[PDB]
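Shown next: protein19.txt, containing compact mmCIF, N, CA and C atoms.
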# COMPACT_ATOMS: atom_id res chain seq x y z
N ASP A 1 8.09 -6.22 -6.37
CA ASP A 1 9.04 -5.64 -5.46
C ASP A 1 8.48 -5.58 -4.07
N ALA A 2 9.26 -5.07 -3.12
CA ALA A 2 8.89 -4.98 -1.76
C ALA A 2 7.64 -4.09 -1.59
N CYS A 3 7.61 -2.97 -2.24
CA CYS A 3 6.44 -2.02 -2.18
C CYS A 3 5.15 -2.76 -2.49
N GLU A 4 5.12 -3.40 -3.65
CA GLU A 4 3.91 -4.14 -4.09
C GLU A 4 3.54 -5.20 -3.04
N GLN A 5 4.54 -5.88 -2.54
CA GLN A 5 4.25 -6.97 -1.62
C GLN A 5 3.70 -6.48 -0.28
N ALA A 6 4.17 -5.33 0.21
CA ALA A 6 3.65 -4.71 1.39
C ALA A 6 2.19 -4.31 1.28
N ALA A 7 1.84 -3.73 0.09
CA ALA A 7 0.49 -3.37 -0.23
C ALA A 7 -0.41 -4.59 -0.16
N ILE A 8 0.02 -5.67 -0.81
CA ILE A 8 -0.82 -6.88 -0.86
C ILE A 8 -0.95 -7.52 0.50
N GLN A 9 -0.02 -7.35 1.39
CA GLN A 9 -0.18 -7.82 2.80
C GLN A 9 -1.02 -6.93 3.66
N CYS A 10 -1.40 -5.76 3.13
CA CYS A 10 -2.27 -4.84 3.81
C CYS A 10 -1.60 -4.16 4.98
N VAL A 11 -0.34 -3.84 4.87
CA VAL A 11 0.43 -3.19 5.95
C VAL A 11 0.79 -1.80 5.50
N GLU A 12 -0.11 -0.80 5.83
CA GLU A 12 0.11 0.57 5.37
C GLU A 12 1.39 1.19 5.82
N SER A 13 1.80 0.84 7.07
CA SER A 13 3.00 1.43 7.59
C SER A 13 4.22 1.13 6.73
N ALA A 14 4.23 0.01 6.07
CA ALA A 14 5.35 -0.38 5.19
C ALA A 14 5.33 0.31 3.89
N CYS A 15 4.26 0.95 3.49
CA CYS A 15 4.33 1.73 2.24
C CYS A 15 5.40 2.81 2.31
N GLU A 16 5.61 3.45 3.45
CA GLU A 16 6.54 4.53 3.56
C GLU A 16 7.97 4.03 3.36
N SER A 17 8.27 2.91 3.99
CA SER A 17 9.69 2.51 3.99
C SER A 17 10.03 1.70 2.75
N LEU A 18 9.07 1.07 2.06
CA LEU A 18 9.36 0.20 0.96
C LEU A 18 9.01 0.76 -0.42
N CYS A 19 8.35 1.91 -0.46
CA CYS A 19 7.94 2.50 -1.71
C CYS A 19 8.59 3.88 -1.89
N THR A 20 8.93 4.22 -3.14
CA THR A 20 9.46 5.52 -3.46
C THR A 20 8.38 6.60 -3.27
N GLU A 21 8.80 7.76 -2.92
CA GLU A 21 7.92 8.92 -2.82
C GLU A 21 7.22 9.16 -4.16
N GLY A 22 5.99 9.73 -4.05
CA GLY A 22 5.24 10.05 -5.22
C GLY A 22 4.26 8.95 -5.53
N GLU A 23 4.20 8.57 -6.82
CA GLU A 23 3.21 7.64 -7.28
C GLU A 23 3.27 6.27 -6.60
N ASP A 24 4.45 5.73 -6.31
CA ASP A 24 4.59 4.42 -5.76
C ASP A 24 3.93 4.31 -4.39
N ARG A 25 4.16 5.30 -3.53
CA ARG A 25 3.54 5.38 -2.25
C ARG A 25 2.05 5.58 -2.34
N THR A 26 1.60 6.45 -3.26
CA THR A 26 0.19 6.63 -3.41
C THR A 26 -0.48 5.34 -3.85
N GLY A 27 0.15 4.62 -4.78
CA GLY A 27 -0.42 3.40 -5.27
C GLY A 27 -0.52 2.32 -4.22
N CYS A 28 0.38 2.30 -3.26
CA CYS A 28 0.38 1.30 -2.16
C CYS A 28 -0.85 1.61 -1.27
N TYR A 29 -1.05 2.88 -0.92
CA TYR A 29 -2.26 3.24 -0.10
C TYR A 29 -3.51 2.98 -0.89
N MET A 30 -3.55 3.32 -2.18
CA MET A 30 -4.77 3.09 -2.96
C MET A 30 -5.09 1.64 -3.05
N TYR A 31 -4.11 0.76 -3.17
CA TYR A 31 -4.40 -0.67 -3.22
C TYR A 31 -5.03 -1.12 -1.90
N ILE A 32 -4.43 -0.69 -0.79
CA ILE A 32 -4.92 -1.09 0.51
C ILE A 32 -6.37 -0.67 0.69
N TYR A 33 -6.66 0.61 0.34
CA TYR A 33 -8.00 1.12 0.46
C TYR A 33 -8.97 0.37 -0.44
N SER A 34 -8.52 -0.16 -1.52
CA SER A 34 -9.37 -0.85 -2.50
C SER A 34 -9.65 -2.26 -2.16
N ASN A 35 -8.79 -3.00 -1.40
CA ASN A 35 -8.82 -4.42 -1.36
C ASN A 35 -8.52 -5.06 -0.02
N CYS A 36 -8.26 -4.29 1.03
CA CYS A 36 -7.91 -4.84 2.31
C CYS A 36 -9.00 -4.61 3.34
N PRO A 37 -9.12 -5.56 4.28
CA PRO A 37 -10.10 -5.30 5.41
C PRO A 37 -9.53 -4.08 6.18
N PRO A 38 -10.27 -3.22 6.77
CA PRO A 38 -11.67 -3.05 6.86
C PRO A 38 -12.21 -2.12 5.77
N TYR A 39 -11.49 -1.97 4.69
CA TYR A 39 -11.97 -1.10 3.61
C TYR A 39 -12.98 -1.85 2.74
N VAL A 40 -12.90 -3.17 2.75
CA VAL A 40 -13.75 -4.12 2.03
C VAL A 40 -14.56 -4.98 2.96

Could you quickly redo this structure as structure tokens?
Amino acid sequence: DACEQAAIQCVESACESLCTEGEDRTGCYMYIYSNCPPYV
């Protein structure tokens, strides 16, 4: 879905608009922190 795809592009700002509140949004930030520059 759009949420997952935003996470994989490393665009945190899009987690808010493309992911549901709660777990989905948290999971988008956690992915970014785990796998995107400059976190890696």

Q: Mind checking which residues fall within 6 Å of region 6-23 of chain A, counting all atoms listed in the file, ignoring those fewer than 5 positions away in the same chain, and posting them as a PyMOL selection string?
A: chain A and resi 28+32+36

Q: Using DSSP on the backbone, list every residue of chain A that comes out as helix (DSSP H, G or I), and give them as a VMD selection string.
A: chain A and resid 2 to 8 13 to 18 23 to 35

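The two atoms in question, CA of residue 3 (chain A) and CA of residue 27 (chain A), are spaced 9.3 Å apart.
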
Q | Interatomic distance (Å, one decimal) between CA of residue 24 (chain A) and atom C of residue 2 (chain A) | A |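 Rounded to one decimal, the two atoms are 10.0 Å apart.
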
Each side padded by 8 Å, which centre and which edge lengths in Å (one decimal) define the axis-aligned box around the listed atoms of region 29-40 of chain A? Give them as JSON.
{"center_x": -7.8, "center_y": -1.1, "center_z": 1.8, "size_x": 29.5, "size_y": 24.9, "size_z": 26.1}

Q: Please indicate the distance in Å from atom C of residue 31 (chain A) to CA of residue 4 (chain A), rounded to one decimal place.
A: 9.7 Å
